Amino acid sequence: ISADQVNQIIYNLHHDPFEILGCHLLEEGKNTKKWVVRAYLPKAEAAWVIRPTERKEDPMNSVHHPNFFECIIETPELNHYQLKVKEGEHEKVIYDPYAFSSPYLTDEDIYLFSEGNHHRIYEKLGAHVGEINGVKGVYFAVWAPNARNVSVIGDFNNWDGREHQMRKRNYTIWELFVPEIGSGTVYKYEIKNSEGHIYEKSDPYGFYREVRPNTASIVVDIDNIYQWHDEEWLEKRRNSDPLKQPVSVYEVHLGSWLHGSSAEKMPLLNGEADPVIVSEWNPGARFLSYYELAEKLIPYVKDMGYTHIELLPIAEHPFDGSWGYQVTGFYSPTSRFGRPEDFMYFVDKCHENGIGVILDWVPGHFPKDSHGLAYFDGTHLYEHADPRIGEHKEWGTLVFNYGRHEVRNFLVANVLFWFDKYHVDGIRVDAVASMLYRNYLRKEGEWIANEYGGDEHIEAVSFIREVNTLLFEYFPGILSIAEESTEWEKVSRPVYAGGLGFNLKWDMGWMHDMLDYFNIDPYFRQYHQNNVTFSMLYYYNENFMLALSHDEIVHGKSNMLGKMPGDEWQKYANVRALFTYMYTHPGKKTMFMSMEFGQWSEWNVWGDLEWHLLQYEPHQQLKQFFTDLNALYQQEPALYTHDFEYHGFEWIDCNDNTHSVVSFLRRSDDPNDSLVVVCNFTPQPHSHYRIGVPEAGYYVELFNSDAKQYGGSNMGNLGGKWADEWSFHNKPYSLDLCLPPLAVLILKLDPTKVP
Ligand SMILES: [Mg+2]
Ligand SMILES: [Mg+2]
Ligand SMILES: [Mg+2]
Ligand SMILES: [Mg+2]
């Protein structure tokens with residue numbers, strides 16, 4: 001480029017910067033093309049073009065001005081890239097602001113979508129504020145290849161679409177530009193199918209929606225509603241390996257954590273709205289907004305010391321009682337809690353407080369509601385036509401046709417969407433088996449095998465692998481978590497290694513072993529020592545997340561306290577021993593709201609949590625216990641640096657089944673960070689119990705779950721114990737400990753102590 005052109009950009013004299021900024025074809029070779037990407041990056045000293053899907057990164061060079069950059073790249077197609085931008089000591093990674101010079105679908109957009117590879121399709125499908133022919137308005141576009149006609153109906157035309165009939169492009173996508181409307185416009189698509197039947201659909205790519213049970217889509221000016229402040233968070237995330245960090249998740253259902261009064265408006269970020277009543281049977285209660293949740297949940301979690309919040313599905317869903325697992329508005333956060341910018345505020349505030357956000361994401365099915373994706377254009381469009389693979393009859397829902405390009409694209413781009421537009425730090429997928437198996441919950445003679453005669457759902461495996469490949473290329477540093485309940489192999493291993501590409505898997509076997517164990521009367525736990533120890537036998541086959549989830553405290557299973565045998569004191573003690581063991585056992589941690597304060601009743605999605613319990617000392621003390629335990633977890637490297645390496649764990653002794661005692665080491669990079677963990681899973685205290693340790697010296701009693709401030713009996717080692725030179729458990733030194741009842745100790749060598 002010329003200095004004249006550069007200067008015109010620098011000084012805002014250029015008539016259209018899209019002519020020179022962004023990606024432009026310079027020439028075509030025999031088997032490749034030569035492209036330039038240009039960027040004007042005021043205050044940046046350096047920049048690079050990342051091609052994450054090719055695993056390439058090319059420096060940009062300043063050209064004529066220190067803040068004007070160019071990068072020449074040869075490759076057959078330059079569809080997917082990001083800019084890395086360095087300003088002083090800080091780097092950010094963004095999409096190119098000059099990527100898309102028009103709001104309408106280009107030939108190239110249509111080609112990539114038709115192949116399944118348009119990773120940013122949601123910039124053009126749906127409803128977008130823009131300008132065509134010189135006039136500002138909204139561009140609508142919708143995939144409905146078999147429809148006879150489609151019209152846009154909404155507030156602007158009194159729900160009569162005759163003068164807003166769309167135009168069909170390339171036999172597949174309908175479009176329309178409507179002048180002089182903007183964000184806030186309420187609309188649907190009116191479709192006529194090949195039989196001539198006329199019906200109404202919400203926008204599959206809609207960014208916002210009326211409050212259930214209303215279903216109109218609402219236009220959002222999604223890039224001009226919120227100013228983020230989380231660049232430093234995002235930079236640390238991208239440059240870190242979350243597998244080597246503390247990850248302690250507080251699982252939350254946003255509709256049911258805390259409710260407000262329906263006698264007042266719902267406050268929003270700089271605004272308000274009408275209250276959303278929780279149910280017709282509890283009409284004095286309303287949901288809190290994303291904004292109020294940012295003001296209340298976030299400092300709560302921060303104070304408790306969790307590293308992450310995991311949300312039950314916040315995608316738009318018509319029925320509260322599905323908990324969010326039956327989604328019909330995949331591209332919009334639910335309007336129960338306010339607007340898209342209110343949820344952006346929530347995430348930005350989590351990041352400001354050093355808390356990550358993991359979203360339960362639901363690609364496995366969708367319900368039949370007529371506003372939603374079902375039978376979209378008068379054919380089986382999103383769902384497979386064959387009910388043997390396209391319906392989950394036991395659930396009454398429909399299964400996406402994962403092999404169909406535009407359906408695959410809807411979902412792949414959907415996952416990306418939440419990381420792009422809402423800056424989230426991870427996803428979790430529930431019931432991954434539901435996708436992986438062609439015979440899932442199907443009787444003999446009611447499913448068919450794959451092309452090789454197996455039960456593997458080939459198209460769904462390919463889709464999962466593509467999601468996880470892309471996610472980690474575009475957003476390194478994220479968490480992709482699976483619950484898979486059939487022992488499918490290599491769930492949490494890279495795709496190149498034959499895995500599904502998740503980085504964590506819930507240890508459901510561990511969860512069952514633990515809860516089943518602790519439910520047993522302590523005298524009988526001697527017959528079930530194997531529940532304590534078995535999960536370490538397969539542990540190194542996956543990267544495990546130790547999750548005690550919402551699913552375990554509903555449907556007659558009781559809340560945690562109620563699972564435990566004995567009198568009130570011992571129920572509390574069992575809870576503290578179990579969770580101390582969980583936090584010291586190898587693997588990342590997840591627990592669900594209400595577990596941290598000892599709610600007695602089961603989780604009820606229709607009400608809120610029993611916060612009044614926190615007026616009473618025993619619930620206060622258990623909440624303090626969790627607060628201290630999360631703090632300890634973040635402060636002790638041996639609890640998180642080597643979760644997934646042999647080095648990080650070794651049993652000291654696990655044979656004393658008749659006393660339900662086990663002990664083990666955790667380690668990290670510094671030998672002086674090693675920890676000695678001792679568990680006593682009966683109420684019998686032990687005044688002298690010998691445990692082998694690896695070094696001489698004084699072992700501080702770093703944590704003790706029977707401490708009085710946690711509700712315990714305050715038994716223990718009064719600070720710590722000097723090791724004896726007395727061989728034990730095949731170790732040269734040993735501690736003569738007092739073991740409190742129904743409790744776990746963590747001890748740590750203080751190599752500087754005075755003898
Ligand atoms: Mg009409
Ligand atoms: Mg399940
Ligand atoms: Mg058993
Ligand atoms: Mg309540």
Side-chain angles (χ1 to χ4, degrees), residues 249-267 275-306 309-312 320-321 323 336-337 346 548-564 566-576 578-579 590-631 705 707-712:
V249 181
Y250 186 69
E251 188 201 20
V252 176
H253 181 266
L254 285 188
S256 64
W257 184 76
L258 182 52
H259 288 163
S261 175
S262 70
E264 64 185 11
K265 283 318 176 100
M266 176 170 61
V276 180
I277 284 27
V278 307
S279 71
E280 269 331 301
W281 65 88
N282 182 207
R286 60 177 178 86
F287 300 125
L288 291 189
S289 69
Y290 300 115
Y291 170 78
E292 290 179 285
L293 282 160
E295 300 304 299
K296 304 174 194 287
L297 173 62
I298 295 174
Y300 183 90
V301 173
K302 179 65 160 174
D303 171 76
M304 293 294 310
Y306 295 95
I309 292 164
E310 177 173 297
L311 304 174
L312 277 75
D320 305 347
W323 308 343
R336 292 172 175 74
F337 322 122
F346 180 89
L548 293 182
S549 87
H550 68 271
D551 267 333
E552 308 312 322
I553 64 162
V554 297
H555 297 148
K557 299 172 160 164
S558 303
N559 212 327
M560 298 297 312
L561 281 166
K563 303 182 194 290
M564 300 310 181
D567 61 21
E568 179 169 291
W569 184 95
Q570 293 169 331
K571 284 181 187 273
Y572 281 88
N574 277 288
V575 172
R576 297 188 303 273
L578 166 59
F579 279 95
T590 296
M591 58 184 291
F592 186 58
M593 69 190 204
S594 84
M595 294 180 178
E596 80 281 7
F597 67 84
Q599 180 171 295
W600 288 107
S601 62
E602 290 173 12
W603 173 49
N604 173 20
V605 68
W606 299 104
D608 68 348
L609 297 181
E610 300 298 322
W611 295 106
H612 62 104
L613 299 175
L614 279 168
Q615 298 170 87
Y616 309 122
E617 186 177 63
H619 300 283
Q620 297 163 2
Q621 288 171 325
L622 185 58
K623 188 173 176 290
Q624 191 66 57
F625 161 86
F626 283 102
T627 301
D628 288 2
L629 183 68
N630 276 325
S705 75
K708 59 178 183 170
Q709 55 273 33
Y710 301 145

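Sequential numbering from 1 along the given sequence is applied to the chain's residues. Only heavy atoms go into these numbers, but all of them, side chains included; no hydrogens, no water, no symmetry mates.
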To the nearest 0.5 Å, what is the distance between [atom1] on [X] and [atom2] on [Y]?
X	Y	atom1	atom2	value
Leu311	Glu251	CG	CD	9.5 Å
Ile298	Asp303	CD1	CG	13.5 Å
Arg336	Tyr290	CZ	OH	9.0 Å
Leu578	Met560	CG	CE	5.0 Å

Compare every heavy atom of [Y] with every heavy atom of [X], then report the nearest pair and how far apart it is.
X	Y	answer
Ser705	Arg576	O-NE, 2.8 Å
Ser261	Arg286	O-NE, 2.9 Å
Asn630	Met304	ND2-O, 2.9 Å
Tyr306	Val249	CD2-C, 3.8 Å
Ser289	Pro267	OG-O, 2.7 Å
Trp569	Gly711	NE1-O, 3.2 Å

Using distance alone, with no hydrogens and no angle criterion, decide if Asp628 and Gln624 have a side-chain donor and acceptor under 3.5 Å apart. yes
List the atom pairs, donor and acceptor, that lie under 3.5 Å between side-chain atoms in residues 276-285 and the rest of the protein, sequence neighbours left out.
{"unit_1": "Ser279", "atom_1": "OG", "unit_2": "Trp281", "atom_2": "N", "d": "3.4"}
{"unit_1": "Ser279", "atom_1": "OG", "unit_2": "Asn282", "atom_2": "N", "d": "3.1"}

Kindly determine whether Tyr572 and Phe625 satisfy side chain to side chain contact (heavy atoms under 4.5 Å, CB included), including the steps that lead there. CA-CA 11 Å; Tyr572 281 88; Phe625 161 86; over 6 Å; no
Is it the case that the side chain of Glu552 and the backbone of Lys557 share a donor-acceptor pair, with hydrogens and angles ignored and the cut-off at 3.5 Å? no
So, does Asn574 use its side chain to make a donor-acceptor pair with the main chain of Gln570 at under 3.5 Å?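 Answer holds: yes.
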For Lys296, check side-chain contact (heavy atoms from CB on, under 4.5 Å) against everything at least two apart and list the hits. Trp257, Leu258, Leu288, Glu292
N/O donor-acceptor pairs under 3.5 Å from side chains in residues 591-601, not counting sequence neighbours:
{"unit_1": "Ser594", "atom_1": "OG", "unit_2": "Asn559", "atom_2": "ND2", "d": "3.0"}
{"unit_1": "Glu596", "atom_1": "OE1", "unit_2": "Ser594", "atom_2": "N", "d": "2.9"}
{"unit_1": "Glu596", "atom_1": "OE2", "unit_2": "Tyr250", "atom_2": "OH", "d": "2.6"}
{"unit_1": "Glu596", "atom_1": "OE2", "unit_2": "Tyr300", "atom_2": "OH", "d": "2.6"}
{"unit_1": "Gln599", "atom_1": "OE1", "unit_2": "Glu610", "atom_2": "N", "d": "2.9"}
{"unit_1": "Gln599", "atom_1": "NE2", "unit_2": "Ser601", "atom_2": "O", "d": "3.1"}

Within a 6.0 Å radius of atom CD on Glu617, are there more than 12 heavy atoms belonging to other residues, nucleotides or ligands?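 No, not enclosed.
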